[PDB]
């Protein structure tokens, strides 16, 4: 009955993918206990750094990527949930189920990637395990893995970035394209589609 109805939890930043040096690596900033409490209160006092965040819900863990002052991720992971912040749960600034895209204002202390202007088709996918996978762009919204892998390796990487050779943001990883469970290609949200949503 109505008095007993719970509320959806907040997305919680539980770590980041460090790309600021010569070596990419994942860092955890909050354990599962703190994540649970933070998800319920929506209050996160942790300092955020970097461009690529690891985020969790009650059920899922995936990625969120800051581009031009917006932290972007996929609707099929975050739905309409708020994200926890130092002042409380923060409401989504963008919500587009048709693009499978959501976004919040980038957390204070985060760094944003710059949208790519190069038109290059040699791309690099950053995974939740700090893999940097070469990807050849094949369309506005798809690239092919130079070395196909089992889908397991890409699980939980939605919302991660596809990068230009110069480190610009080219797209947000949306979902893998598989055959017999083997990921041979990836579909992503082009950054141009993000810029249009941003006006």
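Residue numbers count along the first chain shown, from 1.
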property: Stretch exceeding the other in mean C-alpha B-factor - 9-17, 176-184; result: 176-184
property: Per the entry, higher mean C-alpha B factor between 116-124 and 79-87; result: 116-124
property: Out of 31, 148, 171, 69, residue topping the C-alpha B-factor column of the entry; result: 148
property: Selection from 135, 55, 164, 52 [criterion: highest C-alpha temperature factor in the record]; result: 164
property: Residue 108 CA temperature factor, ranked by third within the chain; result: middle
property: Modelled-residue ranking by C-alpha temperature factor, third containing residue 47; result: middle
property: Where the record places residue 130 (Cα B-factor, split into thirds across the chain); result: highest
property: Residue 157 by Cα B-factor - lowest, middle or highest third of the modelled chain; result: lowest
property: Third of chain Cα B-factors occupied by residue 59; result: highest
